[PDB]
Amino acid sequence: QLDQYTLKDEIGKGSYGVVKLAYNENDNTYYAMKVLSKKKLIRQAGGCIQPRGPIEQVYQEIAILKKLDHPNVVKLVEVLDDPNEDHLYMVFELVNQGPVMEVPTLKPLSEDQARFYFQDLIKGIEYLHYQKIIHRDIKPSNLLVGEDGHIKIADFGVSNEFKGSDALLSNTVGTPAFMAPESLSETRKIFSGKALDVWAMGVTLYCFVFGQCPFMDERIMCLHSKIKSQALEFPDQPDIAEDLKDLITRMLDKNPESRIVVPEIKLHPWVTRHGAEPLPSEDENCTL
């Protein structure tokens, strides 16, 4: 159908475009293909005036993805781009089992299953931050489970690259239920990028064990208010360890300055099973 690829069914939809299953007849491998329509992006952008154009943002995402080579992050294999054709194809390695969870759910993960996946998430995010990338859309439906049972981070549509020790950001992107209070607040005009990913990791972990979001409303403007102003409250069931409760509370600290950072999360008693399952060092995980 397309070069050496046989296109198959649509399997997911991220922030942009459609992901479909494809089969490469030359290497007998299945791939996931993100398909973008250039005219669609331009039409939908409309009269919007922005520093960066819609097609330009796509190229920035491609550049980000080309940097990444880690077992807990998706792998971009190829880009098929013809200036004459409307569609652009981003070919990724397939992660066979799909999203770890869709929220809400009546069947959440056990505490042990959540720890296993949360460890993968920590390693993948430590790597992204090491590579100077803020994901900005961490949520359970963007965490794909491989055939080997491990998580890979996907959907870099709203991600950005930063030059310094941290990213200094002023705009609000991603999924509303996972957005940090700082990003939504008019008082906080700029905010740390790393702390946004940690907040979203916190919402994600709460989702893992409870099958529901900490903050939710049908009206998005109310949801923003609850994120900023509603106290974190845990459900009665399942009854989780105080251990885990403490970690989630610190990740969902509404003040980004006192919020727990990734190097502290790595050593948290819940994550490590009190030192039984320690994570590798930053260098071992990122440049090894």
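The first residue of the shown sequence is 1; numbering continues from there.
Engineer: Test of understanding: from the entry's C-alpha B-factors, which stretch has the higher mean, 185-193 or 71-79?
Structural biologist: Result of the comparison: 185-193.
Engineer: Using only C-alpha atoms and the B-factors in the entry, which stretch averages higher, 129-137 or 80-88?
Structural biologist: Mean C-alpha B-factor is greater for 80-88.
Engineer: When you compare the CA B-factors of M216, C207, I153, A167 as listed in the entry, which one comes out on top?
Structural biologist: Result of the comparison over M216, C207, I153, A167: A167.
Engineer: Within this chain, which third does the Cα B-factor at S159 fall in: lowest, middle or highest?
Structural biologist: According to the entry, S159 has a C-alpha B-factor in the chain's middle third.
Engineer: Would the CA B-factor of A276 place it in the lowest, middle or highest third of its chain?
Structural biologist: Highest third.
Engineer: Using the B-factor values recorded in the entry, state whether the Cα atom of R52 falls in the lowest, middle or highest third among the modelled residues of its chain.
Structural biologist: Its C-alpha B-factor belongs to the highest third of this chain's values.
Engineer: State the tercile, meaning the lowest, middle or highest third, of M221 with respect to the CA B-factors recorded for its chain.
Structural biologist: Highest third, going by the recorded CA B-factors of the chain.
Engineer: How does the C-alpha B factor of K39 compare with the rest of the chain: lowest, middle or highest third?
Structural biologist: For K39, the deposited C-alpha B-factor lands in the highest third.
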